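With ideal geometry, Cβ positions are generated from the backbone for all residues, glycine too; neighbour counts draw on all protein chains shown. All of this is worked out from the model, or read from it or from the source named; nothing here is a laboratory result.
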Amino acid sequence: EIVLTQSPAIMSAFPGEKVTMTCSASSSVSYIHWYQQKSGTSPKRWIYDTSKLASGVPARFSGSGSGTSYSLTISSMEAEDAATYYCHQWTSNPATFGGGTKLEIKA
Amino acid sequence: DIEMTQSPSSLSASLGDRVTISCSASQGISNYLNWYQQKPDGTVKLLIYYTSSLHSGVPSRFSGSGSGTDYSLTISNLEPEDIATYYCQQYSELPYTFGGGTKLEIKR
Amino acid sequence: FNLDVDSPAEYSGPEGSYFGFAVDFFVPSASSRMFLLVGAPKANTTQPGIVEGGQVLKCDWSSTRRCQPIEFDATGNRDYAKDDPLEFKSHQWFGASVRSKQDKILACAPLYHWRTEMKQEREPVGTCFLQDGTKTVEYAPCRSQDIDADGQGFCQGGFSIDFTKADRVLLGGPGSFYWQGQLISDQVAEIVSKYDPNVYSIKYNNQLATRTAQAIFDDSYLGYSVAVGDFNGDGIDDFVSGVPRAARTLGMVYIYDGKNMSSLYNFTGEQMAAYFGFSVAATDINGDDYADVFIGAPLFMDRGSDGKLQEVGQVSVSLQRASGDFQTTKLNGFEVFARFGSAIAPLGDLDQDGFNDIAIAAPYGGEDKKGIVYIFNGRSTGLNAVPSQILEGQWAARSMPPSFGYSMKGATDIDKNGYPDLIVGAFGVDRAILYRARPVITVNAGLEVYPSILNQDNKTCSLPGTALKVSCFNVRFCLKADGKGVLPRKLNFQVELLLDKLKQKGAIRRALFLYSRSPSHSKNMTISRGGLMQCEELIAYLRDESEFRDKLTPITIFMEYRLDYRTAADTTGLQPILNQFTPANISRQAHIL
Amino acid sequence: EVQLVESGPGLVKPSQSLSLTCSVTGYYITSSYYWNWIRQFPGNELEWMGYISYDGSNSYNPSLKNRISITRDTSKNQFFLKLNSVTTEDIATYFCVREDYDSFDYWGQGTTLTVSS
Amino acid sequence: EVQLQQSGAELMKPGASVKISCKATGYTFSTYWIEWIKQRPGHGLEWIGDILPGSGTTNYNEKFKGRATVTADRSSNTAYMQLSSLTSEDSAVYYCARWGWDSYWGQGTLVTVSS
Amino acid sequence: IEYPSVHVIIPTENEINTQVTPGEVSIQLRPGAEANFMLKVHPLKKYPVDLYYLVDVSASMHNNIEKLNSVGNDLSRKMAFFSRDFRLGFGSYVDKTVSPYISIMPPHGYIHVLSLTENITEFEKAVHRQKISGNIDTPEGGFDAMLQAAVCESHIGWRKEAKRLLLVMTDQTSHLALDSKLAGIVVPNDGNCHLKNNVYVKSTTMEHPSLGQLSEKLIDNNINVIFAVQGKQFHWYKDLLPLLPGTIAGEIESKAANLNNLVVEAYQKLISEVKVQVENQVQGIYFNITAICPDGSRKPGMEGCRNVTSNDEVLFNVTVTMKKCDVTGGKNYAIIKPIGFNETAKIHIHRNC
Ligand SMILES: *[C@@H]1O[C@H](CO)[C@@H](O[C@@H]2O[C@H](CO)[C@@H](O[C@@H]3O[C@H](CO[C@H]4O[C@H](CO)[C@@H](O[C@H]5O[C@H](CO)[C@@H](O)[C@H](O)[C@@H]5O)[C@H](O)[C@@H]4O)[C@@H](O)[C@H](O[C@H]4O[C@H](CO)[C@@H](O)[C@H](O)[C@@H]4O)[C@@H]3O)[C@H](O)[C@H]2NC(C)=O)[C@H](O)[C@H]1NC(C)=O
Ligand SMILES: *[C@@H]1O[C@H](CO)[C@@H](O[C@@H]2O[C@H](CO)[C@@H](O[C@@H]3O[C@H](CO)[C@@H](O)[C@H](O)[C@@H]3O)[C@H](O)[C@H]2NC(C)=O)[C@H](O)[C@H]1NC(C)=O
Ligand SMILES: *[C@@H]1O[C@H](CO)[C@@H](O[C@@H]2O[C@H](CO)[C@@H](O)[C@H](O)[C@H]2NC(C)=O)[C@H](O)[C@H]1NC(C)=O
Ligand SMILES: *[C@@H]1O[C@H](CO)[C@@H](O[C@@H]2O[C@H](CO)[C@@H](O)[C@H](O)[C@H]2NC(C)=O)[C@H](O)[C@H]1NC(C)=O
Ligand SMILES: *[C@@H]1O[C@H](CO)[C@@H](O[C@@H]2O[C@H](CO)[C@@H](O)[C@H](O)[C@H]2NC(C)=O)[C@H](O)[C@H]1NC(C)=O
Ligand SMILES: *[C@@H]1O[C@H](CO)[C@@H](O[C@@H]2O[C@H](CO)[C@@H](O)[C@H](O)[C@H]2NC(C)=O)[C@H](O)[C@H]1NC(C)=O
Ligand SMILES: *[C@@H]1O[C@H](CO)[C@@H](O[C@@H]2O[C@H](CO)[C@@H](O)[C@H](O)[C@H]2NC(C)=O)[C@H](O)[C@H]1NC(C)=O
Ligand SMILES: *[C@@H]1O[C@H](CO)[C@@H](O[C@@H]2O[C@H](CO)[C@@H](O)[C@H](O)[C@H]2NC(C)=O)[C@H](O)[C@H]1NC(C)=O
Ligand SMILES: *[C@@H]1O[C@H](CO)[C@@H](O)[C@H](O)[C@H]1NC(C)=O
Ligand SMILES: *[C@@H]1O[C@H](CO)[C@@H](O)[C@H](O)[C@H]1NC(C)=O
């Protein structure tokens, strides 16, 4: 099967800035899920059904994409948006995940 | 109760002629009358049942019909084996009954 | 005609659940993706104390073909009083009937039993569940203080359901009033808004319903079957409903006004116990903006060529006219005891021919009676009684037959291709199959020979295989093609041409193509985009008269073409097809001077 | 809600078989929902191990093909992931998730499986 | 040939009883209703009762309901008429019968009851 | 000669003295032309009869359930003038016993009580012992019961040599096929016998039979049905009669004073009704038929003749043509059968392919 790839591996993004998380497929998927997990704790996902807020998710997170080209747009960032985001696809026998892209904090 | 009365008493006709035997009931009958015949000294025979069912071994000179309370037997071309006493045995419901009998003779 | 029956999407449920008993599609406005709704009325759910309660599963369209139970009711049976159960959900057949509209799903349990407040009882009152997003409510169309057989106690509300335009629900309640039956309808918003979780009987303000009639109508079963559509001119859809034993078992269909529950039309059958009214449907079959009326009579006995009756089933088709009246024909089944008239489902314009088509099915037809669904195309003249495509069940009986065609639903363009697809259930095998509609290609073909009269002595063109000139002619053929929905711009075609077609049949070939020196020639056409004909010019020549003595029979020039079905198919293999009413060849002839 | 705990992980030797479970409480989940399993290698992306539902079948990302099997219990709301032939590349965090729909959530609370000396 | 063989005549005193019979042969006894009728000395014919030999059911002429009985015995396969507490007017020729009140009947057996 | 022109030759000697006259129908024909032969049917004046009494038992039957017990006696006496022999059987029914009608005399589906017998008092006992029951819906389970009476030959003991008459006594109408969807029963009736210890245990899981199914089974095993009902519901039944050949019906009088005559009148009507049908034709074979009555006014269409009797052979004109070869080879099946007669016209179809 295919593996979703990603480009914004690491960003020194700041609260207030507009940020996009992306993915790309080698074959049509027609679907994306955006999973959220902090390395030291227990939060839940951002977006499901390509573009739909998961329970408890603020307006800042807005999904998009079709075919093989997908994204998650984070409107002007929240203090806690500096997190690691993952793409996901379960349209085939293995699950496919994005490598993980992250935003960080430094000042 | 329901009883059967024969209208003829003593009938007669020349041999080769045609006669009828007839009878009626004091009450209506939903199904039938059986026509019987016997010799002065002999076993009673069934001629016709259910008004027109001709018994086997009886000439097809013998016939009949009727309504629940009014029936008849017709015998054409009378011969000596017809000159006998006839009976009406009614069948409606139990008990079953017979009329008193009507004797057929020839004229002198 | 274009239904893809080679690569369909097959789904299944738990054994013995009667998965496929009822079907619909779920296509919310709230999502770009589609799910299928397939009932499983005798399913084992996790609800405490409940056996074979029933459910409806959501099946994903985009592969990943798994069907997930809809959590309409996660609870067990409520109590009336200590150690005295209020209700009995075991074996209720929840999921016996499922329908959707936009983002909402309605499904019901007609054999739900309830204890009345006044007396210990197990009456088949029936119950429905309705979902709107995450809001789930119970709707009791027939649960009221009228708690006995001469009232609503034996109603089996939810036996049948349908959704109108705007946003209203029609429900059949066939047991009301000693099974005279009853139609009930309510606004969706009312059903949800007024819901109260601990009230057995909820009053609604705009509820419409039929009322108890004279004993002469007892055991008629109104509400056994329903359909909707507007017949009384404009406004909200009216309510179409079958009554299986109306008119002394001849059967009837009634249509009630969409604003108030009052009859507009009265249809009746011809034969006792044919069950006219068993099933109903409505759609603008002749494309004139008037919903028509389709009435099933599944055990109709026709009269054969031998003068005897034969149980084959019937569907009556009545067309709505501008005058307010109806005109009508009859479609009889094809096989004995194959209940053709039992299932009716509008296809919609399946082949994109401008008219809606319709599926009619016989759950117990065919050698190896797996069930047969017949596809009948629409025309401006009404329904074509002659089927164009026949769809059949694929699984062997275990006990009862699969009954493919028992339940059906179309008019929904689930795939990208803008043609409505079709779900056909087969509960006897716990299965359901979604058949996709292929795009349909129309081809404009041309063929012309310019030297209409061939001068056999006009030896002016060269013959490539030799030093001599011959009499010859220009045979041109062309092709243009296009279609609706999702099809590639480039379509490959195989084109083959013959010369002197009527003589090559064991006789002298008076004309050959110049380059091949053969009666035949072939070409790879790659016609594309539409509005353009791709042309090819072939040159043919005459054979010398000394042997080729026939100068009277016209030389037949013939061209035929076929679509490359594979190099036309998309990502999912949904090959386009050519329209069934389009010829795929041309005959032309040349004369000898 | 969905309350998830995992079998306490242990220290195992290379190519030692090990059973790790997913104990789920709050409501009945053995036939009502589809379950999956996740393998998290710290520092990188999540991977996936398998699935199970009312239907006891699975699938697998064919690395250690058929060395991992998933079992479903009944009255205990207990799923089991059995690891055969563990390698030193299998040192990872393991847990279950709950969903049929192509999405996932309700992940476990952390597991540390070590394969060593 | 199929036959009905009736028992012979007898002489008795008033108060007497007689059991008379009529043997069945050449047919299944148990299949037909067997009738009993009588001919009186100048009064025509009367029905007196019957029995289905293949069963336990009988019929009677009301006039004799408290006086006469009808029986059958599957061993001997004959019909029986049971007459008792008889007088001179009970002296008549009695007949047994076959299928549907067939033409096959007994011969007519008289028992004279007198001083 | 690769042109097997048309003929029908029958060398077969069947039971010579039967009521139906063909040996076998032997037809070997080329596509292109037809063939013709004649059949005759003759009822006999004392043909023996077997009557099976099937009665409802609902509360509304009280007025007739207490009379049937005596009817059988008066009837055996009347029947004695109509047939060589006579047997009486018995059974009873109410409705399906499922939760949509009842909570789950206590109601029952169909139960066979008495095989056809000579013992008139066994009949009386079988009838006398039926206690009065009832259901909720007005219509009854009579069609289910009729089917079982028609299929469970091993329980009834119907003779081949005797006319087989099914007598059905109701006050109300019956439930129909597909009504059962309300019962949670969506599985078809296979037309077979399903009694266990004489009880139709499958009545609660099988769909009610269709009229089509009742007709085919009753005709195929020659069981004629005489139906009786209170005069109002009677109109439904009389209107159904043309739908299922081999049937008679009439009303039950308010005093039920003629119950012992309903079958008698019908019996006489059945004796005088001589009808046949062409059935189970093979796809490449096509038959037509017409009957010749003593009146001379022969007719197509109608299955046969009316107002006929003994010593009157009804003549049937039978013809067949041929189509291209189908799933071919010589094939043995029955072609024509008189309804209510046990003998049939067997056929062997042949052709040159
Ligand atoms: C398609 O066919 C259907 C079926 O035929 C048509 O629908 C039928 O239409 C009829 C006409 O509207 C409906 O009957 C009417 O009902 C109203 C009100 O009913 C209630 O009140 C009745 C008493 O007033 C009561 O019945 C009792 O009295 C009866 C008297 O004999 C008794 O027989 C009965 O047992 C009861 O004791 C009802 O039960 C209700 O409580 C009546 O007012 C109407 O009366 C009209 O006719 C009478 C005749 O003499 C006249 O005086 C009145 O002035 C008035 O004109 C009438 O009874 C019928 O119920 C309805 N059927 C169904 C199933 O709903 C349908 O219209 C047709 N559609 C089309 C498009 O053609
Ligand atoms: C179809 O119905 C006919 C009805 O007549 C059946 O045939 C008849 O069966 C009875 C049975 O008792 C026969 O009675 C006896 O036959 C023997 C034969 O030698 C005879 O010796 C006895 O005296 C007595 O007659 C009757 O004759 C017989 N009739 C015919 C025409 O055979 C018949 O069996 C049924 N089945 C078929 C396949 O025809
Ligand atoms: C749902 O689960 C019940 C569990 O009891 C199954 O019902 C049993 O089926 C067997 C089959 O022979 C019967 O003998 C038992 O008595 C049944 N129990 C009950 C309570 O009815 C039922 O078959 C399952 N249904 C489905 C669709 O799987
Ligand atoms: C249901 O709504 C319809 C809508 O037209 C009403 O029908 C009209 O009623 C007026 C009343 O006088 C008549 O003059 C019209 O001729 C009716 N139109 C038709 C098409 O019949 C109908 O009366 C309403 N019914 C109820 C019970 O309110
Ligand atoms: C069966 O055969 C009869 C005749 O043998 C057909 O009916 C007649 O056919 C002739 C043909 O010219 C007509 O002239 C007669 O008018 C027809 N009779 C009637 C009453 O119309 C009969 O149609 C054939 N049946 C079938 C099914 O083919
Ligand atoms: C050229 O096309 C015609 C029809 O467009 C073919 O002739 C038949 O047409 C009828 C019309 O319904 C079809 O049902 C037949 O199946 C057609 N025959 C065949 C073989 O398809 C005609 O045969 C075509 N010519 C060639 C060479 O295929
Ligand atoms: C017909 O059935 C009746 C009813 O059982 C039989 O008559 C009685 O049967 C019982 C059974 O043990 C006997 O104890 C009685 O003595 C019988 N009655 C008489 C009057 O003996 C009757 O015998 C049966 N008929 C035939 C022909 O067997
Ligand atoms: C029964 O049908 C056959 C034919 O199916 C009739 O035979 C035809 O009789 C006419 C009379 O002149 C002949 O011209 C025909 O040639 C005959 N047909 C054949 C195939 O030979 C026969 O007459 C019919 N029976 C009756 C009673 O009319
Ligand atoms: C069209 O091209 C394909 C390519 O393989 C070939 O197989 C086919 O025969 C060609 N058709 C014609 C008519 O040349
Ligand atoms: C036969 O026709 C006569 C004509 O009057 C009729 O009275 C008689 O009832 C008819 N018989 C049958 C069996 O129809």
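Comparison of C:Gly251, C:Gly258 shows that the only residue that is buried (at least 20 other Cβ atoms within 10 Å of the Cβ) and within 14 Å of chain F (Cβ to nearest Cβ) is C:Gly251. For first residues located in region F:299-326 and within 14 Å of chain C (Cβ to nearest Cβ), partners that are within 16 Å of ligand 2 (Cβ to nearest atom) and in a loop (DSSP other than H, G, I, E, B) and lie 6+ apart or on another chain with Cβ distances below 9 Å form the pairs F:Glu303/F:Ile339; F:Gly304/F:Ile339.
Exactly one residue out of C:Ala273, C:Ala282 is surrounded by 17 or more Cβ atoms within 10 Å (Cβ to Cβ), among the small types (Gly, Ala, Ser) and touching an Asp or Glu at 6+ places or on another chain (Cβ under 9 Å): that is C:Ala282. Residue count for region E:23-47, restricted to those that are part of a strand (DSSP E or B) and within 12 Å of chain B (Cβ to nearest Cβ): 10. Out of F:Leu114, F:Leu88, F:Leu75, one residue alone is surrounded by 17 or more Cβ atoms within 10 Å (Cβ to Cβ), within 14 Å of another protein chain (Cβ to nearest Cβ) and within 18 Å of F:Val151 (Cα to Cα). It is F:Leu88. Restricting attention to region F:268-282 and to residues that are more than 15 Å from ligand 5 (Cβ to nearest atom) and within 12 Å of chain C (Cβ to nearest Cβ), the residue that is surrounded by the fewest Cβ atoms within 10 Å (Cβ to Cβ) turns out to be F:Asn280. Scanning region E:85-102 for residues that are surrounded by fewer than 19 Cβ atoms within 10 Å (Cβ to Cβ) and either more than 23 Å from E:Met12 (Cβ to Cβ) or charged (D, E, K, R) (or both) turns up just one, E:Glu89. Only one of the listed residues (E:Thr78, E:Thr69, E:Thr87) is under 11 Å from E:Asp50 (Cα atoms) and away from chain F (no Cβ under 14 Å). That residue is E:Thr69.
Of the strands (runs of 3 or more DSSP E) lying entirely inside region D:19-91, those containing at least 3 residues that are away from every other protein chain (no Cβ under 11 Å) and surrounded by 16 or more Cβ atoms within 10 Å (Cβ to Cβ) span D:68-72, D:78-83.
For region D:6-18, the criterion of being more than 14 Å from chain A (Cβ to nearest Cβ) and under 23 Å from C:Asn44 (Cβ atoms) is satisfied by no residue at all. When C:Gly133 is tested against (1) within 26 Å of C:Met408 (Cα to Cα); (2) out of contact with any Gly (no Cβ under 9 Å at 6 or more places or on another chain); (3) away from every other protein chain (no Cβ under 14 Å), exactly one condition is not met: (3).
If you check F:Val327, F:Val318, F:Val308 for being away from ligand 1 (no atom under 16 Å from the Cβ) and in contact with a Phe, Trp or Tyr (Cβ under 7 Å, 6 or more places away or on another chain), only one passes: F:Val318.
With respect to (1) under 23 Å from C:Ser471 (Cβ atoms); (2) within 16 Å of ligand 9 (Cβ to nearest atom), the lone exception for C:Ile508 is condition (2).
Residues that are assigned to a strand (DSSP E or B) and of a type outside the set (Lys, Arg) within region B:29-46 comprise B:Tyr32, B:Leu33, B:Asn34, B:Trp35, B:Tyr36, B:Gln37, B:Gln38, B:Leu46, listed in sequence order. Restricting attention to region C:285-303, does a residue exist that is farther than 20 Å from F:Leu240 by Cα, among the polar types (S, T, N, Q), part of a loop (DSSP other than H, G, I, E, B) and more than 16 Å from ligand 5 (Cβ to nearest atom)? Among the residues of region C:285-303, at least one is farther than 20 Å from F:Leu240 by Cα, among the polar types (S, T, N, Q), part of a loop (DSSP other than H, G, I, E, B) and more than 16 Å from ligand 5 (Cβ to nearest atom), which makes the answer yes. Which residue is nearest to ligand 7 (Cβ to nearest atom), if the candidates are limited to region C:227-248 and must be within 14 Å of another protein chain (Cβ to nearest Cβ) and within 21 Å of C:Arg211 (Cβ to Cβ)? Here the residue is C:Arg245.
When F:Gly340 is tested against (1) under 17 Å from the mean Cα position of the chain (by Cα); (2) part of a loop (DSSP other than H, G, I, E, B); (3) within 16 Å of ligand 5 (Cβ to nearest atom), just one condition goes unmet, and that condition is (3).
To keep it simple, each residue is scored yes or no on (1) within 25 Å of B:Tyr91 (Cβ to Cβ); (2) outside the structural domain of F:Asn311 (by TED's automatic domain parsing).
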| site | (1), (2) |
| --- | --- |
| F:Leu39 | no, no |
| F:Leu54 | no, yes |
| F:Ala59 | no, yes |
| F:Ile65 | no, yes |
| F:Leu75 | yes, yes |
| F:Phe86 | yes, yes |
| F:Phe90 | no, yes |
| F:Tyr93 | no, yes |
| F:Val98 | no, yes |
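Matching residues to (1) of a type outside the set (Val, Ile, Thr); (2) within 30 Å of E:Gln6 (Cβ to Cβ); (3) in a strand (DSSP E or B):
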| residue | (1), (2), (3) |
| --- | --- |
| B:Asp1 | yes, yes, no |
| B:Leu11 | yes, no, yes |
| B:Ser22 | yes, no, yes |
| B:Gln27 | yes, no, no |
| B:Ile48 | no, yes, yes |
| B:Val58 | no, yes, no |
| B:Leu78 | yes, no, no |
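Applying the set (1) at the interface with chain C (Cβ under 10 Å from one of its Cβ atoms); (2) within 22 Å of F:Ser115 (Cβ to Cβ) to F:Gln213 leaves exactly one unmet item: (2). Every test in (1) over 34 Å from the mean Cα position of the chain (by Cα); (2) buried (at least 24 other Cβ atoms within 10 Å of the Cβ) is passed by C:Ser185 save one, and that test is (1).
Is one or more of the residues making up region F:161-179 part of a helix (DSSP H, G or I), within 14 Å of chain C (Cβ to nearest Cβ) and buried (at least 22 other Cβ atoms within 10 Å of the Cβ)? Yes, some residue in region F:161-179 is part of a helix (DSSP H, G or I), within 14 Å of chain C (Cβ to nearest Cβ) and buried (at least 22 other Cβ atoms within 10 Å of the Cβ). Being under 16 Å from B:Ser22 (Cα atoms), within 9 Å of chain E (Cβ to nearest Cβ) and buried (at least 18 other Cβ atoms within 10 Å of the Cβ) is the requirement here; does B:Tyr36 meet it? Taking the combined requirement at face value, the residue satisfies it.
Matching residues to (1) within 16 Å of ligand 5 (Cβ to nearest atom); (2) among the charged types (D, E, K, R); (3) surrounded by fewer than 17 Cβ atoms within 10 Å (Cβ to Cβ); (4) within 45 Å of the chain's Cα centre (by Cα):
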| residue | (1), (2), (3), (4) |
| --- | --- |
| C:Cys478 | no, no, no, yes |
| C:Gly483 | no, no, no, yes |
| C:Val486 | no, no, yes, yes |
| C:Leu491 | no, no, no, yes |
| C:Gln494 | no, no, yes, yes |
| C:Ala507 | no, no, yes, no |
| C:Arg517 | no, yes, yes, no |
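Look at region C:80-96: where a residue is in the same structural domain as C:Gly54 (by TED's automatic domain parsing) and a partner is more than 16 Å from ligand 2 (Cβ to nearest atom) and of a type in the set (S, T, N, Q), sitting 6+ places away or on another chain with Cβ atoms under 6 Å, you get C:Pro85/C:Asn77; C:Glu87/C:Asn77; C:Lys89/C:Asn77; C:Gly95/C:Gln55. Residue under question is C:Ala274, and the condition is that it be within 13 Å of chain F (Cβ to nearest Cβ) and away from ligand 9 (no atom under 16 Å from the Cβ); does it hold? The answer is yes for C:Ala274.
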